[PDB]
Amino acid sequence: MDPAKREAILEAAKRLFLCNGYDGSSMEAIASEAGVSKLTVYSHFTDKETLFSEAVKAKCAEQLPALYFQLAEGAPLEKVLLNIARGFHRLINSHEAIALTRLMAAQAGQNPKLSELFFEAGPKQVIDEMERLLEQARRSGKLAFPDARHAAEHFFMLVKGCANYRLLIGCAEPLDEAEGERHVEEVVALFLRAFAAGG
């Protein structure tokens, strides 16, 4: 399909979730606010949970592109990690990421289909990308870990940090871009220390 078409349905869905929740917004309303037939909307997004999850997928890929996770021969590992950490910190703390995570929280154990879709679209894609990268870094002998997937998870938990928790529950302490950057550098240095090769 035309990029305009997919972007239009995703942006219309996004715009509608940031006013009404999963419950409030409806696929007929998405079709009407996107300027496309209900048929084209079912034609690409079988059900609402699929649509929500796929918009998540798009935002993630935008802020953390697949290129970021290539460790070319001779590439500087520090710069790669730093870019992934920066992209991730922007992603999770963006207004749209926060809104959609609070909608997802509003129906955790009351909506298992949305829970499993949401997880597979956002967190799972990022952890897979990162496990691939960390496996390449293990091969090159730059880092050392028994399980690279667990290391990817530690990396993202460290980057996310308590700041994001506070910003999510409504105690939005005014956060500098300066403070955010000191955080991401400190975390990448901590990760490199903790996973150094050579002992």
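Sequential numbering from 1, following the sequence displayed.
As listed in the deposited structure, the average C-alpha B-factor of 63-71 and of 34-42 is greater for 34-42. In this entry, 18-26 shows the higher mean Cα temperature factor of the pair 177-185 and 18-26.
Remark: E153 belongs to the lowest third of its chain, ranked by C-alpha B-factor as recorded. The entry lists a Cα temperature factor for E135 that places it in the middle third of the chain's modelled residues. Per-chain ranking of the deposited C-alpha B factor places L192 in the lowest third. In this PDB entry, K160 carries a Cα temperature factor that places it within the lowest third of its chain's modelled residues.
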